[PDB]
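K.L.:
With the input below, show me the fold.
(2 chains)
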Amino acid sequence: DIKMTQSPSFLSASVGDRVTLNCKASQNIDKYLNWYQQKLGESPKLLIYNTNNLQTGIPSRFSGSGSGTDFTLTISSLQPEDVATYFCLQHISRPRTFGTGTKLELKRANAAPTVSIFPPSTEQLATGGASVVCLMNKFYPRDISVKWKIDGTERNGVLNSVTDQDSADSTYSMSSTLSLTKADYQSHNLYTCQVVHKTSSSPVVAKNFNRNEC
Amino acid sequence: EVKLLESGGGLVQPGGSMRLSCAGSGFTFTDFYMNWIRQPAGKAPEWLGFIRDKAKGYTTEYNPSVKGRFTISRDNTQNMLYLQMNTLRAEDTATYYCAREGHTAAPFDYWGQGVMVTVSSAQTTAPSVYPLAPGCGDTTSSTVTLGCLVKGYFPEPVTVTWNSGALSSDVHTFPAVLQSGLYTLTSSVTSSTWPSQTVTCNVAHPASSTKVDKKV
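P.N.:
Numbering: from 1, shown residues only, chains lettered A, B, ... in the order given. The structure is reproduced below:
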């Protein structure tokens, strides 16, 4: 089989910049190499076939080249509708093999997150369960860390989840969950969500609530 | 060209067999090769096999990685293509796409939207939905963020919308997470005129024909 490698895997560029995607085959594939664009929640779509043929309807800012074992996809000027993952495809021989893929991230100005904490719902309780929620939204860059602390003590029975870069402001949002039994939720008082945005601020961001209430 | 549509179940237990079907609208089905490509969440596509022209005799080739277990067939009489999978294993869990091969612009000039096939012996269980309103003596600005906890459900996916799409303003639906065999997910929205307006999240789980409207 022909093994396809792509590089780099991640790529951050400012809108308008020149971007270059690399793809290396492990055997000469001659001219048979394709590129597909796959946006979030969509089926891959054909961008270019046989190292350099644009397909119908694709913008001229795209071009391909290279030959034999090294190929390149180049975007002259990065548009925000070009944020996506990119796939390389070798098809001289069966089985046809795809490359590992490259993800493009539009770059922007730092942004500190809006943090928000939610105590359990009276309903979830009425069933002896209790999830505390912390929505950590619209931040940039992606690096960040959240910590839960019950009565000042760091804790762990947590669940995190980060979205993908938002198509509207290029930020990232994160959701962290702290699940406890009703009983344990009740034998404590001050729940806390502390986020540290390695950037935006030093004093870190804390949001809490007293179960008995302030 | 116009359209390629896949259909075919999603939750299946290990060892079982399954049949996905792909329908093609807007072009002479019979004059093209047709492919099945699959993609495990968080990874590149993987080519499965294809069935040839009417001219090449409708023969089939398969990626050795699966061969023996998967078979491909057409029903030229009604533009359908089929992928028959046998001895489904856990790693066969993925989104499966049929893709026309094409002439010149090829391979894969047109894909279908895909269908997820989940292979596991867990069971179809609906979600519990809890509203998330700002709590215990918490200040809050004029724009308040609210949310909905969609808990313990299986298998994916679920659908969350706000005020039946009417308030699609600042909405963030976070990717699911596997906590002990069940999916849990979160969704946030923003509203100025918080209280006096009414915000409701609409959750839906098809694998259980569940449609819930929790008001916050």
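K.L.:
what about the residue lying closest to residue A:154 once chain neighbours are set aside, is that helix, strand or coil?
P.N.:
Spatially, and ignoring its direct neighbours in sequence, residue A:154 is nearest to residue A:147 (5.6 Å; CB to CB, 6 or more residues apart in numbering or on different chains). For every residue, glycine as well, the C-beta is placed using N, CA and C. Secondary structure, DSSP: H, G, I helix; E, B strand; the rest coil: residue A:147 is strand.
K.L.:
Got the domain ranges for chain A?
P.N.:
Listed by curated CATH domains, the domain ranges of chain A are A:1-108, A:109-211.
K.L.:
Turn these into CSV, columns for mean neighbour count.
P.N.:
CSV is the format used below for the domains of chain A (neighbours: other CB atoms under 10 Å in any protein chain shown):
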stretch, mean neighbour count
domain A:1-108, 17
domain A:109-211, 17
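K.L.:
between these, which one is nearest to residue B:16?
P.N.:
domain A:1-108 (24.8 Å; CB to CB).
K.L.:
closest to residue B:4 out of the domains of chain A?
P.N.:
domain A:1-108 (8.8 Å).
K.L.:
start to end distance for the closest one?
P.N.:
40 Å (CA to CA, to the nearest Å).
K.L.:
Measure how far that domain is from the centre of its chain, please.
P.N.:
Taking CA atoms, centre = their mean, to the nearest Å, one finds domain A:1-108 lying 19 Å from the centre of the chain it belongs to.
K.L.:
what's the closest non-adjacent residue to the residue of chain B most remote from its centre?
P.N.:
Centroid-distance maximum for chain B: residue B:137 at 40.6 Å, with CA atoms, centre = their mean. In space, not counting the residues next to it along the chain, residue B:137 is nearest to residue A:214; the distance is 3.7 Å by CB to CB, 6+ apart.
K.L.:
Secondary structure element holding the one you found?
P.N.:
Applying DSSP states H and E as the criterion places residue A:214 outside every helix and strand.
K.L.:
How many residues are close by it?
P.N.:
By other CB atoms under 10 Å in any protein chain shown, 10 other residues sit near residue A:214.
K.L.:
domain ranges for chain B?
P.N.:
Split by curated CATH domains, chain B gives B:1-121, B:122-216.
K.L.:
can you list those in CSV and add distance to residue A:82?
P.N.:
Shown next, in CSV, are these (distance: least, CB to CB, whole Å):
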stretch, distance to residue A:82
domain B:1-121, 19
domain B:122-216, 22
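K.L.:
For residue B:32, see how far away the residue nearest the centre of chain A is.
P.N.:
In chain A, the C-alpha nearest the mean C-alpha coordinate belongs to residue A:164, at 3.7 Å (CA atoms, centre = their mean). Per CB to CB, to the nearest Å, residue A:164 is found 33 Å from residue B:32.
K.L.:
nearest spatial neighbour of residue B:33, skipping sequence neighbours?
P.N.:
residue B:101 (3.6 Å).
K.L.:
Please verify my assumption that that neighbour contacts residue B:108.
P.N.:
Yes: Residue B:101 is within contact range of residue B:108, at 7.1 Å (criterion: CB atoms under 8 Å).
K.L.:
neighbour count winner among the two?
P.N.:
More neighbours surround residue B:108 than the other of residue B:101 and residue B:108, with 25 against 18 (other CB under 10 Å).
K.L.:
right, and the more buried one touches residue B:36 too?
P.N.:
No: with contacts defined as CB under 8 Å, residue B:108 does not count as touching residue B:36, sitting 10.9 Å away.
K.L.:
Need the residues touching each of these two.
P.N.:
residue B:99 (CB atoms under 8 Å, 6 or more residues apart in numbering or on different chains).
K.L.:
Compute the distance between residue A:176 and residue B:177, please.
P.N.:
In terms of CB to CB, residue A:176 sits 10 Å off from residue B:177.
K.L.:
Could you measure from residue A:114 over to chain B?
P.N.:
7 Å (CB to the nearest CB, to the nearest Å).
K.L.:
Name the nearest residue to that residue, ignoring sequence neighbours.
P.N.:
Going by CB to CB, 6+ apart, residue A:114 has residue A:137 as its nearest residue, at 5.1 Å.
K.L.:
Distance to residue B:82 added to the domains of chain A, as TSV?
P.N.:
Supplementary listing: the domains of chain A in TSV, determined by distance: least, CB to CB, whole Å:
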stretch	distance to residue B:82
domain A:1-108	19
domain A:109-211	33
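K.L.:
Tell me which of the ones you listed sits nearest to residue B:21.
P.N.:
Among the domains of chain A, the nearest to residue B:21 by CB to CB is domain A:1-108 (16.6 Å).
K.L.:
Quick check: chain neighbours aside, which residue is closest to residue B:2?
P.N.:
residue B:26 (2.6 Å).
K.L.:
Listing partners with orientation, what would you give for the helix or strand hosting residue B:22?
P.N.:
Assigned by DSSP H and E, residue B:22 belongs to strand B:18-25. Using DSSP bridges, strand B:18-25 pairs in its sheet with strand B:3-7 (antiparallel), strand B:80-85 (antiparallel).
K.L.:
so which of these gets nearest residue A:120?
P.N.:
Evaluated with CB to CB, the strands paired with strand B:18-25 place strand B:3-7 nearest to residue A:120, the distance being 39.8 Å.
K.L.:
How far off centre is the closest one?
P.N.:
Strand B:3-7 sits 13 Å away from the centroid of its parent chain (CA atoms, centre = their mean).
K.L.:
Please point out which parts of it sit buried.
P.N.:
B:4, B:6 (16 or more other CB atoms under 10 Å in any protein chain shown).
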